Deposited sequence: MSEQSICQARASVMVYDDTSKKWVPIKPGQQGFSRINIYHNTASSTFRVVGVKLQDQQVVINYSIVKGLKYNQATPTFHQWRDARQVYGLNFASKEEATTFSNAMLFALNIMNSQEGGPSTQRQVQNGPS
């Protein structure tokens, strides 16, 4: 019924601009992966802990590809766009990835 978080971490969410060929900010935010038991669903929701506005609300899908580029930088391709998270700490990155991969395992 409600949204149940399975992890939380600080990161700067960015989108890879294939054209400008650069990595651009989507706008640190708080990143959480929520799960809906009443729908067996998982989402990546990033909120601006400043003005508390949601910057990202992404559904981790069935065939998603999560890549841990660096100890503090991870990305994932949906099938038509790539997202990356510049973490605030290796620790928070380690935490977010275990959840992510775990959520993806369930996703399958």
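K.L.:
Counting from 1 along the deposited sequence, give me every gap where there's no C-alpha, start to finish.
P.N.:
Missing from the model are residues 28 to 32, 114 to 130.
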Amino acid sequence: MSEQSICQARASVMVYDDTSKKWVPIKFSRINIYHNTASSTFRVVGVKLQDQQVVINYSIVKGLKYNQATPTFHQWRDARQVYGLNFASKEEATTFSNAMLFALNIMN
From here on, numbers count along this sequence of modelled residues.
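K.L.:
Comparing 40 to 48 with 72 to 80, where is the mean C-alpha B-factor higher?
P.N.:
Taking the mean B-factor of the alpha carbons in each, 72 to 80 is higher.
K.L.:
On mean Cα temperature factor in this entry, is 12 to 20 or 93 to 101 the higher one?
P.N.:
Taking the mean B-factor of the alpha carbons in each, 12 to 20 is higher.
K.L.:
Out of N32, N57, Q53, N67, which shows the largest CA B-factor listed in the entry?
P.N.:
Result of the comparison over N32, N57, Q53, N67: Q53.
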